[PDB]
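Visitor:
Number of protein chains: 4
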Amino acid sequence: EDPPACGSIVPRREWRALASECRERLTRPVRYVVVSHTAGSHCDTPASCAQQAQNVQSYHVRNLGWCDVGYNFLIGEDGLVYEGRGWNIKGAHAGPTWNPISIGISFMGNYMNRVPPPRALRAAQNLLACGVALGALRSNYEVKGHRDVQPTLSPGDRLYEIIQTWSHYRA
Amino acid sequence: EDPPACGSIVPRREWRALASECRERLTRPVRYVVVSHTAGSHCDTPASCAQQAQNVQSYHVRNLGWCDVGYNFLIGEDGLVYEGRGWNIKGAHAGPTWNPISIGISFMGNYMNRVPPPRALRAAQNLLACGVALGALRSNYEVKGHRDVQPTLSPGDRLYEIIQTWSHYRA
Amino acid sequence: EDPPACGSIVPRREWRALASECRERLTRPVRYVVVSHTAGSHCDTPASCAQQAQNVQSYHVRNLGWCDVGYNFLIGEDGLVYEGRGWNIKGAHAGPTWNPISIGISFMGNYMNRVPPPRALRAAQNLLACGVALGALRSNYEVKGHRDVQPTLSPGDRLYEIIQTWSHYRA
Amino acid sequence: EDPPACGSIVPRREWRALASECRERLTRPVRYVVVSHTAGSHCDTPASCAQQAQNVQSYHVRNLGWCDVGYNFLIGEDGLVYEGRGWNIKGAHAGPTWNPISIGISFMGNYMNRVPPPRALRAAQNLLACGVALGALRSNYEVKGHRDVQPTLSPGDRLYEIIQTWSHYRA
Ligand SMILES: OC[C@H]1O[C@H](O[C@H]2O[C@H](CO)[C@@H](O)[C@H](O)[C@H]2O)[C@H](O)[C@@H](O)[C@@H]1O
Ligand SMILES: OC[C@H]1O[C@H](O[C@H]2O[C@H](CO)[C@@H](O)[C@H](O)[C@H]2O)[C@H](O)[C@@H](O)[C@@H]1O
């Protein structure tokens, strides 16, 4: 039915995600999107990214003992979007207040003093577009910085400046 | 003898904090301590640190809309501990899992490539020595890094290396 | 290797349980604990509760044809934990999407109105505490109501109201 | 909430105890554990053992004029441990030579020609596990019979027969 046309996401299977033990679901349509960054190292190839996606998840499930990586999607400098918890299962990325009402996309890198490549921004901007089409995000969703809801530096200084520019951003 | 004989904590009035709106209560004696870092600018005078205390608090109270600065205590490089929400009020510093079972102390500044002065480290330990003396912290309490309980670079690679040295630091 | 201290559980032999015919094992550790009630008759003596234990198991074996009583542990108002399937075996109690991932303890009786006596709540909180000690449950363990995972009143309106205050209870 | 993994202990407030007025502290950690028997009437249900607990204490407080029930903990055949003077207030169970150095647990009944049920024996060993856990008893704790420390018939042939069985029992 009017093929949503937005799936260009790397499945958990393709980047070899560990099985998720999370079972709490989101209610769609979802109203907010919170952008954060991993503050870890950045990847530029589909090969190096499949490795970074795995690391982030590892640090989340093995060290913190979380049910799965905390974000819903991860964006790489490879220009590709990586499936985390997806559009339905509730993430763990902004606290008891926002986690139940928002999706958490995260750029894989430290953008305090860097700007994510266009292709990465495109994949991000695109992902959200996918959101509306599938009906996971409200047609009029609100984008937010990670630091807007938590005392942190995410999504990075220069990246944070970039999002305040987007049309769905809200103070 | 053995009375409280606690350290010297700069009270809220002295650094002119906004009124605390918090109501939630911690149940002493507390078992955990999560060492963090504001990730902002540091300070070296009782004058500039009092000011820093207010930035951190205002950002936490009017930007994020919280009931008071998130940390229970804020350490300054001037060598003094600045009172946050104290020994009895539940603070917001490490997610819904730890917040109710732990006390939050934050070193004012960013310590990725900077170690805190001896003063700071002594003021921090003096506060925990004090904590046990008042029955606030459980005698066999444990110290964890912020990154040990949540996705973050906090407290900073260097301060993290320092606290891993402490007795009471565990897993 | 790592059992700090556990808790006192009534062995199957002692409440005269039939031989278990189950072989499926729960992968260790376990993250979820589901609380439910048997919606049957309550008991206050160690003697009558050992009989009440047999009734629930026999109805599950001889009438429902299950390999053993459905719950991993039974909890009496005599303040004693009765052993069902235990920490190692999977046990039919809350749907196939939840049975392979959760431990299921069930208070013996219908707590729609009536609350369980303090000693029963202590028996269960200690049981879960032993679970973490044995390494059967992870320190992250999340307590959930039977009603939170499948359409039923199961925990019991007032019992459900009580577990919600527990330290590990999640959405 | 009487600190981590403590095998379900009935609080004074639950068995309707009178206020203790003992002010002598016990020098922790404690090395010995003296097992005895009240030589009074026994009970098998929590309801009857609450009344039987009261009996032992009133006799110690009103009639003998001691500050509180002489035992640190009383065990019922109902399979529950009852709190007396606890892990910190020094007991009055074995004379001047042993009272300030050992913890005193007593079995409610006369065990000369009568054996205690497994549930009671289980609860006692489980109590000592929580002891080590709290830091009141030394991981290397020595269990002595009451006969072993004083010229007395307590704990009773049949029960004294069985603690020899206990691994920590020292000659
Ligand atoms: O009412 C308490 C019981 O709730 C469940 O069982 C009832 O609801 C089930 C559907 O959720 C029905 O299949 C069942 O016949 C009802 O008795 C729960 O499964 C029971 O364990 C509770 O005792
Ligand atoms: O038989 C167990 C009890 O032995 C002592 O009490 C008995 O022996 C006492 C003399 O050692 C007598 O005075 C007493 O009347 C006997 O019951 C011990 O003092 C008790 O605590 C033991 O329960």
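Just so you know, the protein sequences line up as chains C, D, A and B, in that order.
Residue numbers are given in the authors' numbering: position 8 of the first sequence equals residue 8, and the series is strictly consecutive.
Residue numbers are given in the authors' numbering: position 73 of the second sequence equals residue 73, and the series is strictly consecutive.
Residue numbers are given in the authors' numbering: position 21 of the third sequence equals residue 21, and the series is strictly consecutive.
Residue numbers are given in the authors' numbering: position 151 of the fourth sequence equals residue 151, and the series is strictly consecutive.
Ideal placement from N, C-alpha and C gives every residue a C-beta, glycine not left out.
Is it true that the segment 21-41 of chain D meets the segment 60-76 of chain D, where meeting means three or more beta-carbon pairs spaced less than 8 Å apart?
Guide: In short, these stretches touch, since the Cβ pair count reaches three.
Visitor: I think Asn-113/B touches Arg-158/B, with their Cβ atoms under 8 Å apart; what is that distance to the nearest whole Å?
Guide: That belief holds up - the Cβ atoms of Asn-113/B and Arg-158/B are roughly 7 Å apart, short of 8 Å.
Visitor: Expressed to the nearest angstrom, what Euclidean distance is found between the alpha-carbon atoms of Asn-55/A and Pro-46/A?
Guide: Distance between the alpha carbons of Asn-55/A and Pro-46/A: 15 Å.
Visitor: So, does the segment 7-14 of chain A touch the segment 126-134 of chain D, judging by three or more C-beta pairs under 8 Å?
Guide: As far as the Cβ criterion goes, the segment 7-14 of chain A does not touch the segment 126-134 of chain D, which means the pair count is below three.
Visitor: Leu-80/A CB to nearest chain B CB: under 8 Å?
Guide: Yes - at least one Cβ of chain B is within 8 Å of the one on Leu-80/A.
Visitor: Rounded to a whole number of angstroms, what is the C-alpha to C-alpha distance between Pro-118/A and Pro-96/D?
Guide: Going from the Cα of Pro-118/A to the Cα of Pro-96/D covers about 26 Å.
Visitor: Under a three-way DSSP split, which group does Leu-74/C fall into?
Guide: Three-state DSSP puts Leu-74/C in a strand.
Visitor: Can a CB atom of chain B be found closer than 8 Å to the CB of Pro-4/A?
Guide: Answer yes: the Cβ-Cβ gap between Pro-4/A and chain B drops below 8 Å somewhere.
Visitor: With H, G and I counted as helix, E and B as strand and the rest as coil, what does DSSP make of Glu-142/A?
Guide: Strand.
Visitor: In the segment 106-132 of chain A, which residues sit with their C-beta less than 7 Å from some C-beta in chain B, listed in chain order?
Guide: Against chain B - using a Cβ distance shorter than 7 Å - the residues of the segment 106-132 of chain A are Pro-118, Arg-119, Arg-122, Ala-123, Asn-126, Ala-129 and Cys-130.
Visitor: Under 8 Å, do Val-69/B and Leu-137/B count as touching if we go by C-beta distance?
Guide: It is not a contact, given that the beta carbons lie outside the stated cut-off.
Visitor: Please report the residue range of the beta strand (DSSP E) in which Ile-163/C lies.
Guide: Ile-163/C -> not in any beta strand (DSSP E); alpha helix (DSSP H) instead, spanning 157-163.
Visitor: Any Cβ of chain A within less than 8 Å of the Cβ of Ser-167/B?
Guide: No, its Cβ sits nowhere closer than 8 Å to a Cβ of chain A.
Visitor: To the nearest angstrom, how far is the alpha carbon of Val-81/D from that of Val-30/C?
Guide: Each residue's alpha carbon lies about 42 Å from the other.
Visitor: Which bits of chain B does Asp-44/A rub up against, with CB to CB less than 8 Å?
Guide: Within chain B, the residues near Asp-44/A are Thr-45, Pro-46 and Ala-47.
Visitor: To which residues of the same chain is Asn-88/B closer than 8 Å at the C-beta, ignoring the five residues directly before and after it?
Guide: Around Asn-88/B: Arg-25, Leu-26, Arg-28 and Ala-136.
Visitor: With a threshold of 8 Å on Cβ separation, who are the neighbours of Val-115/C within its own chain once the five nearest residues in sequence on each side are excluded?
Guide: Cβ within range, chain order: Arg-158, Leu-159 and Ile-162.
Visitor: Which whole-angstrom value describes the C-beta separation of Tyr-141/C and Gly-156/C, a residue pair presumed to lie in contact below a C-beta threshold of 8 Å?
Guide: So it is not a contact: roughly 21 Å between Cβ atoms.
Visitor: Could you compute how far the alpha carbon of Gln-52/A sits from the alpha carbon of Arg-147/D?
Guide: Straight-line Cα distance between these residues: approximately 48 Å.
Visitor: Return no unless some Cβ of chain C is closer than 8 Å to the Cβ of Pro-29/D.
Guide: Answer no: the Cβ-Cβ gap between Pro-29/D and chain C never drops below 8 Å.
Visitor: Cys-43/A and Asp-2/A - do their beta-carbons sit closer together than 8 Å?
Guide: Against a cut-off of 8 Å, the Cβ pair of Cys-43/A and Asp-2/A comes out as no contact.
Visitor: Tell me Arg-25/A's beta-bridge partners as DSSP assigns them.
Guide: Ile-89/A, per the DSSP bridge assignment.
Visitor: Which residues bound the alpha helix (DSSP H) around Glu-14/C?
Guide: Start and end: 12-15.
Visitor: Give the secondary structure of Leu-153/D by DSSP, where H, G and I count as helix, E and B as strand, and everything else as coil.
Guide: It is coil, neither helix nor strand.
Visitor: Note down the Cα distance separating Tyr-111/C from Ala-92/A, rounded to an integer number of angstroms.
Guide: Straight-line Cα distance between these residues: approximately 49 Å.
Visitor: Does any residue of chain D bring its CB to less than 8 Å from the CB of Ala-39/C?
Guide: Chain D contact via Cβ: present.
Visitor: Determine whether the Cβ of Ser-8/B lies closer than 8 Å to any Cβ atom of chain A.
Guide: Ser-8/B counts as touching chain A.
Visitor: Tell whether a beta-carbon distance below 8 Å holds between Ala-120/C and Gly-104/C.
Guide: No, they are not a contact pair.
Visitor: What residues in its chain sit with their C-beta under 7 Å from that of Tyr-169/A, if we drop five residues either side in the sequence?
Guide: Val-143 and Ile-163.
Visitor: Looking only at its chain, what residues have a beta carbon closer than 7 Å to the beta carbon of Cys-67/C, apart from the 5 residues adjacent to it on each side?
Guide: Excluding residues within five positions, the ones whose Cβ falls inside 7 Å are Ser-20, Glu-21 and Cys-22.
Visitor: What does DSSP give as the partner residue(s) for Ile-103/C in the beta ladder?
Guide: Note: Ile-103/C sits in a beta bridge opposite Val-33/C.
Visitor: For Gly-145/D, which residues of its own chain have a beta-carbon under 7 Å away from its beta-carbon, when the five flanking residues on both sides are left out?
Guide: Here the set comprises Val-35, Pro-155, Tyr-160 and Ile-163.
Visitor: Kindly indicate which three-state DSSP category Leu-137/D falls into: helix, strand or coil?
Guide: Note: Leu-137/D maps to strand in three-state DSSP.
Visitor: Could you check whether the Cβ of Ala-92/B sits closer than 7 Å to any heavy atom belonging to ligand 2?
Guide: Because no heavy atom of ligand 2 lies under 7 Å away, the Cβ of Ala-92/B does not count as near it: no.
Visitor: Would you mind reading off the limits of the beta strand (DSSP E) that contains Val-81/C?
Guide: Counting along the chain, the beta strand (DSSP E) containing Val-81/C begins and ends at 81-83.
Visitor: Identify the contact partners of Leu-159/C in chain D, using a Cβ-Cβ distance below 7 Å as the criterion.
Guide: Chain D residues near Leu-159/C: none, gap ~15 Å exceeds 7 Å.
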